[PDB]
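Peer 1: Let me give you the structure first, and then I'll get to my questions.
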Amino acid sequence: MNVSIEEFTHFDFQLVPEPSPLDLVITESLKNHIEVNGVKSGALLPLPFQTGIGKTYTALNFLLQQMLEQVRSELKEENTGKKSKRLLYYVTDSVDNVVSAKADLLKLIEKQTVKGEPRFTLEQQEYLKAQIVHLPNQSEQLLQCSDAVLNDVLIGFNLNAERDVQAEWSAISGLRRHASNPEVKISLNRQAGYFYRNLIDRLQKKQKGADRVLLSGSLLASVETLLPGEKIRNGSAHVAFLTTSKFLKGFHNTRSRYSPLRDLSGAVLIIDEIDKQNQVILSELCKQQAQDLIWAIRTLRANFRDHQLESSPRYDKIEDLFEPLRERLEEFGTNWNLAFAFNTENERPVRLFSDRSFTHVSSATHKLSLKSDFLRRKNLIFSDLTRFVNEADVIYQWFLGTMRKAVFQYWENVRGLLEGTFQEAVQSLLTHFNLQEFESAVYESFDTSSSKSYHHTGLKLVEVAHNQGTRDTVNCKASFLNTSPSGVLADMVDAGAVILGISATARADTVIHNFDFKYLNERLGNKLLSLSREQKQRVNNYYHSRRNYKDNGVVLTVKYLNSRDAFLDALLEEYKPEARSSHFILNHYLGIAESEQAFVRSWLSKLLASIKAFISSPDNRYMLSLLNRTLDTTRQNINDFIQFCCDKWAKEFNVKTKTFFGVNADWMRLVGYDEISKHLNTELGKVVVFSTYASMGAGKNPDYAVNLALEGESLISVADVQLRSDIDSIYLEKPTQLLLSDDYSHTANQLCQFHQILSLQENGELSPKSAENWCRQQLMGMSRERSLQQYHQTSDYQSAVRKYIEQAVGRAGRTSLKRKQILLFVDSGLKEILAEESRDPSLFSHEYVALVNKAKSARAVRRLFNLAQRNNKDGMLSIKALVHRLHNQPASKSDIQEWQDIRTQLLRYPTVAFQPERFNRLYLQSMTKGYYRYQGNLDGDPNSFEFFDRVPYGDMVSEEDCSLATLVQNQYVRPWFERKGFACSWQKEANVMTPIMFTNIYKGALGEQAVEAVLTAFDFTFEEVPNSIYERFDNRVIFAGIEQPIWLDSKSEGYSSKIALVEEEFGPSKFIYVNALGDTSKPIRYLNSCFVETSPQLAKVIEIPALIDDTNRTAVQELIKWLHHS
Amino acid sequence: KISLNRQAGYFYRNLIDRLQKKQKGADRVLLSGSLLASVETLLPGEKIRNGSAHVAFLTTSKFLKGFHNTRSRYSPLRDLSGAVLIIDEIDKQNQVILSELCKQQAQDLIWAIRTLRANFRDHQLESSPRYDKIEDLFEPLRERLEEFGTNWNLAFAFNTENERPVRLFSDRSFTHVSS
Amino acid sequence: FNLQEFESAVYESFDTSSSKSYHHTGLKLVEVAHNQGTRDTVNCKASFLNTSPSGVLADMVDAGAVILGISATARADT
DNA sequence: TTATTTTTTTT
DNA sequence: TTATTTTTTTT
């Protein structure tokens, strides 16, 4: 039925079910959020609920409350008209869970009862179910649509008429009937996808124009079944279930591909298994295709010489946007001789990598130069460029940006006469400029100091390789990340989304396998919500109520298994008593090369020892083995030997054993997930399952139906709440390949690798030195095992390993019926890693706590030291670039202002209690408040600096080493500072300014402020040094209306060269060199240009040793006179 | 069958692409014995190219499009010297050849000339003895493009001033017609 | 020359008084129409026949082929 | 030295 | 006025 909202007119929105503790926790925290800025404000709420406490039930119940609240609102806001819908999403990585969760929500709508009566009437239940929509990938979306619906759509849009549609749809309409063959399914899926693209292309093509069919009734219902997004666009539906990858790619409606990230204002957005989404988003970012810069710039240069836009009022204003760009291209092409193609002079690849600050690296060891050989009309790359690449860039991006500005400019112009103008704008502009090749990149451009952080500046990777089929021309295929998955998540919050991250490990302290919650905490501030200690305690109590292991007498046994070589040798030679030796058997019968045999032994002995202990246990029947690797037919020899050992212990212990080799995910989906449960329901023998961590993260509730006739002796209810039971013994092989890697292409894999390296550097997990070596060796083709070397030395590796162990034993813990005794066999390598666990254990699973407590029964400092070097390195290379750009005569306004801003910040806030957002890495965090020690060469290598403890003797940055407290005692400077608000004394805070800032900027600026302070009261008037000589000197000065130019530098032939440079463009001038603080008794010196002493009438230059001892009023007076002698 | 046919065609293209790619370069597998027989069953043109077979049965449309061997798409029209060539139902082939000729795709001349004009201003070939003589072939063309672009103001795009199509037709002599 | 767009046309160029006849001079047809999604720019999409099927057949003979045209109406006067 | 199995969507 | 059903191969 087309049920109207009026069915809820008598519904009592106050009649909520009794809330479980988790619902209270969620409601409380969102209430707190609303208080702290929260109305019309985003949030992010990581929820580390353990699996089996009722995570999904809680989240779906929450989502249901949001639906009821929306309906309640719409019954009353009709006084305000129909507002924009408040969309609700549920996203997760895996399709199997999106569909499962949707079905659970519908089931909940069916059977939710309050005071023992069903909460919703049938028209109500149809109403709510109408609001929910589900958005699969295109191909499956097509295959869901019945033939009648799709034929109705084809008729309604008259697309029934044209041949290609009919042939294609006929073929697809056929294959459905024999899709029972999976092979048919594969072909059908691919073909259906292409059809869905073409079809929806034609629908929305007609819909944009006047050819649009007015949708209503049966045709509307047919389309809304074909295009579920149409229900959202027209407001029929407002709850959407979709995977993360669909969510990132957006989904079609009848007009255009609506993309949810662009429109999050007020959206509520439940993300299940939130930490897994870091990888999924990353896998989306790394798919970005490279653009050949050589081709791009030469094309732009060529086409922007003559090509003109028409002058008509249709787009009068646009062409002026391009004059700067056009001029830049001519300058650029003349500089680099873009007429000539490019070549190297060839077996090694040439690659460049850079984040966009301080971590620049190149493959070739020496400097890469690029010189035009006019005798060969070709630009050659030598080894003795990076500047050329950086400029071929920025011009390219500027082109895309100017394209954006011009397109919505054209939108303004035609609005003077709705998205339908977008495509005609882009094509009109590219056609006039004849730049039609770029149309793909132009479209993708729309979709793809200050707080500095990697997570929103990303990285840049450039590869130079010969074009296909040539030996004389190379391209520059630049690849980019503008952001990192944590940057995307923070942007989603800043656009106002409310995100709930339900995941048992949502706050794992890793930055590879989770978002960077240090960054998110910093950027979001108090929008990153968190569970108060009260709430965590309450959730812990509830968890104990649901899974009270202790009071019902469940015993958790943990043993750590070493390699036991003699044990393996005995069993192996029993498997082959006729053979020579055990290692012979590994080589001969098992196929293990002796290069691998030591490793395979250390592995297999632990596995077999765990198995034997399982078989000996009386009560246990269900052991799950989690290996890194799949024991399948490609390791069938090992399977046979393991089967032999199982048989031996089966006979010896007089218990039957069933072995499931090869339990990988496709086996689970296609063949045999259930009969492990069946075998538990029907037989007395024990079951051993061999599987992997990967094949269980994506996998069902690994449980079985209790057959009390077989197992009722060993099972207990552990809950105080169909009888089901779960895994009773687990073997946990140490997780191995923990670095992420992308299979999409070699380019995307490289982006994944560099993202991981830079993210580890971002946290201070790696010092900048280690991060550069790792980045470099990635350019030079690091082997995957040496990348794993580099990663294993971090502590982030420890946290990622503990994440997998915590998730593994959580997944096995769902049911509330347990054995008396649970056996946990852990690889001995995990003993130390688990021993290091130190987080608050209040939300852990009971199994994990057992693992930790058994292991223990036998780094912020490091992090802080590395971040000190990173902040110092970033300050030092950024100041070098900035100062060089000031000498890049003339200085831009922005550089000038940023220089004064840095100086003002350092003067006002030499220390701060919290690292400020806007100047986050002028400062470094000290282990000692107010001052710290460092050692390093400020002209030297930034990677070599060492700090607080590791340099007990070295330089010190402190209030005392800048003589500030001496300085402010002067009766002239102190009013000046206190008017300016500069800190006359350093607050003893943790965050202190970095050494490069201290030596280069702060002392210099402090001296300049002091000299201006004293001299101003003697009528010296100071003005900003003109932009044609900026910071070549400190201040241009006017005393008492004396007309000749005056110049200050504050603390000989080169300095004479600056002097001559000044007097070339302001004529004869007076130069004053003064140290603000020092010994005022020393003599004033009157100097020539070459700093040689001469008469005051000849002295263009004066050197003053000290103004402050006490004011050196004397030196002021002879300075006044020395000007008088002009 | 319909889906299988289309899919098999695309696979055959990609596959033979990779075979003859390797065969052109030093990566070429030396064909002999069972591998040769297997390829010659996959690529029947290989029997002709290496002289195993010399009688070919094929439709006119295949004959016009040529057929692959292990190295390149041999096209029979280019190599007819001494070929004997039985055509059955010869008069029907007029239509079939015509249907092949009419498939020729149009080239946008405005885009083509503006692209040529733009790129042939500065762009130079390298002077090395690898291809010493070539660049002199282009000086007349380059000069013509500059003359042409100046004559017709190719900087400016083109427009009419719109409901009727504008079409021109000409054989290349005396039967010129315009819409 | 940075003319990489033309690579398709360059490849197809290899494959595709005096005695005057249509059959080997062919025809030329040019259509001028607005580019997709614009109202201010037109293209000139030229189409060509260099020859006619009788011209192709005569070229095949001139390259030395020996052709047997078995057909019950091989010399229909059309 | 370290030692694998994995998802999703679109062209 | 004239008044339909058709093949083949490749991208």
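Identifiers in the structure tokens: chain A, B, ... in order shown; residue index from 1 per chain; ligand index from 1 in order shown.
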Residue B:67: which residues within 10 Å, counting only C-alpha atoms (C1' of nucleotides), same-chain residues fewer than 4 positions away excluded, as a VMD selection string?

Peer 2: chain B and resid 43 to 46 58 62 to 63 72 to 76

Peer 1: If you count only C-alpha atoms (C1' of nucleotides), which residues fall within 10 Å of stretch 2-10 of chain D, apart from same-chain ones fewer than 2 positions away, as a ChimeraX atom specification?

Peer 2: /A:93-95,136-139,193-194,197,243-249,280,283-284,596,599-600,627-630,664-665,692-695,697-698,735-738,784-789

Peer 1: Could you save the residues just selected, with N, CA and C atoms, as a short mmCIF file (atom, residue, chain, number, x, y, z; two decimals), in the first residue's frame?

Peer 2:
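The result, stored in result19.cif:
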```cif
data_model
loop_
_atom_site.label_atom_id
_atom_site.label_comp_id
_atom_site.auth_asym_id
_atom_site.auth_seq_id
_atom_site.Cartn_x
_atom_site.Cartn_y
_atom_site.Cartn_z
N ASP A 93 32.15 -2.46 5.39
CA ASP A 93 33.04 -2.86 4.32
C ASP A 93 32.46 -3.94 3.41
N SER A 94 31.68 -4.86 3.95
CA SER A 94 31.34 -6.10 3.28
C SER A 94 29.87 -6.17 2.92
N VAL A 95 29.57 -6.66 1.72
CA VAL A 95 28.18 -6.75 1.26
C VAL A 95 27.40 -7.72 2.11
N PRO A 136 22.92 -1.93 -3.80
CA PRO A 136 24.02 -2.81 -4.19
C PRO A 136 24.84 -2.24 -5.32
N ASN A 137 25.84 -2.98 -5.77
CA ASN A 137 26.54 -2.58 -6.97
C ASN A 137 25.61 -2.68 -8.16
N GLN A 138 26.01 -2.05 -9.25
CA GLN A 138 25.10 -1.90 -10.38
C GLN A 138 24.64 -3.24 -10.93
N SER A 139 25.57 -4.17 -11.13
CA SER A 139 25.22 -5.42 -11.79
C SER A 139 24.20 -6.20 -10.97
N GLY A 193 26.43 -5.47 -15.63
CA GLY A 193 26.96 -4.19 -15.22
C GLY A 193 27.04 -3.21 -16.36
N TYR A 194 27.59 -3.66 -17.49
CA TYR A 194 27.70 -2.74 -18.63
C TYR A 194 26.33 -2.29 -19.10
N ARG A 197 24.95 0.43 -16.82
CA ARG A 197 25.54 1.74 -17.11
C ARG A 197 24.85 2.39 -18.28
N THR A 243 27.54 -0.51 1.16
CA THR A 243 28.91 -0.73 1.56
C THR A 243 29.70 0.55 1.47
N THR A 244 30.85 0.56 2.14
CA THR A 244 31.72 1.72 2.10
C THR A 244 32.11 2.05 0.69
N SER A 245 32.40 1.04 -0.12
CA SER A 245 32.90 1.32 -1.45
C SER A 245 31.82 1.93 -2.33
N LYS A 246 30.59 1.47 -2.19
CA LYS A 246 29.49 2.15 -2.85
C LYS A 246 29.35 3.57 -2.33
N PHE A 247 29.49 3.74 -1.03
CA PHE A 247 29.34 5.06 -0.42
C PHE A 247 30.37 6.02 -0.96
N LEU A 248 31.57 5.54 -1.23
CA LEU A 248 32.58 6.41 -1.79
C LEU A 248 32.31 6.69 -3.26
N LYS A 249 31.79 5.71 -3.99
CA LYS A 249 31.52 5.96 -5.40
C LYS A 249 30.18 6.62 -5.65
N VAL A 280 39.80 0.48 3.43
CA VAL A 280 38.90 0.55 2.29
C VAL A 280 38.96 1.93 1.64
N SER A 283 42.21 2.21 -0.19
CA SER A 283 42.15 1.49 -1.44
C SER A 283 41.39 2.29 -2.49
N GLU A 284 40.48 3.14 -2.06
CA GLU A 284 39.82 4.02 -3.02
C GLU A 284 40.71 5.17 -3.45
N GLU A 596 63.55 -23.77 3.54
CA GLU A 596 62.36 -23.46 4.32
C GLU A 596 62.20 -24.36 5.53
N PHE A 599 62.09 -23.05 9.17
CA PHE A 599 60.88 -22.28 9.40
C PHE A 599 59.66 -23.18 9.50
N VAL A 600 59.54 -24.13 8.57
CA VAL A 600 58.38 -25.00 8.55
C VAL A 600 58.34 -25.85 9.81
N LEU A 627 45.80 -19.91 11.12
CA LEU A 627 47.13 -19.77 10.57
C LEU A 627 47.20 -18.51 9.73
N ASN A 628 48.40 -18.15 9.33
CA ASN A 628 48.52 -17.07 8.36
C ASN A 628 48.18 -17.54 6.97
N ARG A 629 48.22 -18.85 6.74
CA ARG A 629 48.24 -19.44 5.42
C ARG A 629 47.21 -20.54 5.32
N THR A 630 46.76 -20.80 4.10
CA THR A 630 45.70 -21.76 3.86
C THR A 630 46.29 -23.15 3.68
N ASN A 664 38.93 -21.75 3.62
CA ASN A 664 39.10 -20.38 3.19
C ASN A 664 37.74 -19.81 2.80
N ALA A 665 37.72 -18.51 2.52
CA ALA A 665 36.45 -17.79 2.48
C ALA A 665 35.55 -18.26 1.36
N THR A 692 42.36 -19.18 8.53
CA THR A 692 43.25 -18.05 8.62
C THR A 692 42.53 -16.88 9.26
N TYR A 693 43.32 -15.90 9.70
CA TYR A 693 42.74 -14.66 10.22
C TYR A 693 41.92 -13.95 9.17
N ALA A 694 42.45 -13.87 7.95
CA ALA A 694 41.72 -13.20 6.88
C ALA A 694 40.41 -13.90 6.58
N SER A 695 40.44 -15.21 6.51
CA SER A 695 39.25 -15.97 6.20
C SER A 695 38.31 -16.06 7.33
N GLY A 697 37.93 -12.94 9.49
CA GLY A 697 37.38 -11.61 9.58
C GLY A 697 36.17 -11.44 8.71
N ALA A 698 36.20 -12.03 7.51
CA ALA A 698 35.06 -12.08 6.62
C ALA A 698 34.51 -13.50 6.69
N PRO A 735 50.31 -13.45 13.63
CA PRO A 735 49.98 -12.78 12.38
C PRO A 735 51.25 -12.29 11.70
N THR A 736 51.30 -12.43 10.38
CA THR A 736 52.57 -12.19 9.71
C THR A 736 52.58 -10.98 8.80
N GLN A 737 51.87 -10.99 7.69
CA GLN A 737 52.05 -9.90 6.74
C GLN A 737 51.07 -8.77 7.02
N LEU A 738 51.53 -7.84 7.86
CA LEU A 738 50.70 -6.78 8.39
C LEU A 738 50.75 -5.48 7.61
N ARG A 784 59.58 -7.03 -0.47
CA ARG A 784 58.46 -7.00 0.45
C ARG A 784 58.88 -7.47 1.83
N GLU A 785 59.86 -8.36 1.90
CA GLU A 785 60.33 -8.83 3.20
C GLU A 785 61.19 -7.79 3.90
N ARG A 786 61.88 -6.94 3.16
CA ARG A 786 62.60 -5.88 3.85
C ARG A 786 61.70 -4.74 4.29
N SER A 787 60.60 -4.51 3.59
CA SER A 787 59.60 -3.60 4.14
C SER A 787 59.05 -4.15 5.43
N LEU A 788 58.82 -5.44 5.48
CA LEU A 788 58.39 -6.03 6.73
C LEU A 788 59.46 -5.92 7.80
N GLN A 789 60.75 -5.94 7.43
CA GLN A 789 61.77 -5.61 8.43
C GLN A 789 61.56 -4.24 9.01
#
```

Peer 1: I want to know what sits within 12 Å of stretch 411-424 of chain A, based on only C-alpha atoms (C1' of nucleotides), with residues of the same chain fewer than 5 positions away left out; could you give that as a PyMOL selection string?

Peer 2: (chain A and resi 204-210+255-257+312-318+403-406+429-431+439-440+442-443+446) or (chain C and resi 34-41)

Peer 1: Considering only C-alpha atoms, extract the chain B residues located within 8 Å of chain C and return them as an MDAnalysis selection string.

Peer 2: chainID B and resid 77 80:91 94:95 97:98 101:102 104:111 115:116 119:120 123:125 157:160 165:172

Peer 1: Using 9 Å as the limit and counting only C-alpha atoms, can you tabulate each residue of chain A that touches chain B, with its shortest atom-to-atom distance in Å and the two atoms involved, as a tab-separated table?

Peer 2:
```
residue	atom	partner	partner_atom	distance
A:171	CA	B:3	CA	6.8
A:172	CA	B:3	CA	8.6
A:175	CA	B:3	CA	8.6
A:187	CA	B:3	CA	8.0
A:188	CA	B:3	CA	8.6
A:191	CA	B:3	CA	8.5
A:298	CA	B:119	CA	8.7
A:299	CA	B:119	CA	7.9
A:302	CA	B:118	CA	5.4
A:303	CA	B:118	CA	5.9
A:304	CA	B:118	CA	8.8
A:305	CA	B:118	CA	8.1
A:306	CA	B:155	CA	5.0
A:307	CA	B:155	CA	4.5
A:308	CA	B:156	CA	5.7
A:309	CA	B:156	CA	7.3
A:310	CA	B:156	CA	7.8
A:338	CA	B:123	CA	7.9
A:339	CA	B:123	CA	4.5
A:340	CA	B:124	CA	5.7
A:341	CA	B:124	CA	7.6
A:375	CA	B:127	CA	6.9
A:376	CA	B:127	CA	4.8
A:377	CA	B:126	CA	5.0
A:378	CA	B:126	CA	5.8
A:431	CA	B:157	CA	7.9
A:432	CA	B:157	CA	5.7
A:433	CA	B:157	CA	8.3
A:434	CA	B:111	CA	7.1
A:472	CA	B:126	CA	8.9
```

Peer 1: May I ask you to extract the residues of chain B within 10 Å of chain E, using only C-alpha atoms (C1' of nucleotides), and to give them as a ChimeraX atom specification?

Peer 2: /B:9-10,13,59-65,96,99-100

Peer 1: Using Å and a single decimal, report how far atom CA of residue A:1008 sits from atom CA of residue A:1023.

Peer 2: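 Interatomic distance, atom CA of residue A:1023 to atom CA of residue A:1008: 12.7 Å.
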
Peer 1: Find the residues near residue B:25: any atom within 12 Å, counting only C-alpha atoms (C1' of nucleotides), skip ones fewer than 5 places away on the same chain, and give them as a count of residues only.

Peer 2: 6

Peer 1: Grab the atom CA of residue A:269 to atom CA of residue A:458 distance for me, in Å with one decimal place.

Peer 2: 25.4 Å

Peer 1: Just how far from atom CA of residue A:4 is atom CA of residue A:235, in Å to one decimal?

Peer 2: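 Rounded to one decimal, the two atoms are 13.1 Å apart.
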